[PDB]
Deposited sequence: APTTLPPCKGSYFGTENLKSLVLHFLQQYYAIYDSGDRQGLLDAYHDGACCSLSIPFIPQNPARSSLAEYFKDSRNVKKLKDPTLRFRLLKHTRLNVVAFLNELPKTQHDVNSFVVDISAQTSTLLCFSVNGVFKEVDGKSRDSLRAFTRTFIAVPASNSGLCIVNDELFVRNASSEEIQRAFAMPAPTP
């Protein structure tokens, strides 16, 4: 019986072209997302886009509890339906209700996992600080999965967005906040 896990690696982009495209998208997206009014994202989401949020089964995450969607736990089809945000209007209205944020964009670990001429699927792993409200200065970790279609300009248009939010671990916090003096 084996016991070796293969070596874990950072971001997977596949090609230089795609790395450039997705990193620019995330820069642009999160400049709006972290601005204090997210309505600028209306032009990044398809008319028929979907969005949903999930958190760990369990608090400092109370602001995310009302809209969290876990179909393993929640069985009723109507309630399942209602927690899925559909249409760019309902997606971005929901996002603008969430706590204001500052994401560490340049630390994101990004995996591009599917590509065709009509589809790009990539998942983004990172952290954000809450900037205001009851949990001001808290560090959250997250995994966000996007599906995007080519945008009529030259960028990306989001059709599916799944956000998973959790608390950062003590190890994640230590790494994120460290700034020791240099040593040889």
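The sole unmodelled region of the deposited chain is 59-64.
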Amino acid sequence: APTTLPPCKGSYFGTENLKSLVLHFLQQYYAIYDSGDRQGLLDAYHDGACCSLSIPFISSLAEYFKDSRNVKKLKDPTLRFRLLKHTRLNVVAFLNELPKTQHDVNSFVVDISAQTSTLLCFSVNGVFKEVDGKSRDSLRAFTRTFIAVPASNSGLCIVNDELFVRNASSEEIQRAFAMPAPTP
From here on, numbers count along this sequence of modelled residues.
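Per-stretch averaging of Cα B factors for 143-151 and 128-136 places 128-136 on top.
Taking the mean C-alpha B-factor of each stretch as recorded, 76-84 and 101-109 are not equal, and the higher mean is that of 76-84.
Within the selection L26, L41, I158, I58, the deposited Cα B-factor values reach their highest point at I58. Comparing the listed residues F122, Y30, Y45, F65, the entry records the largest Cα B-factor for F65.
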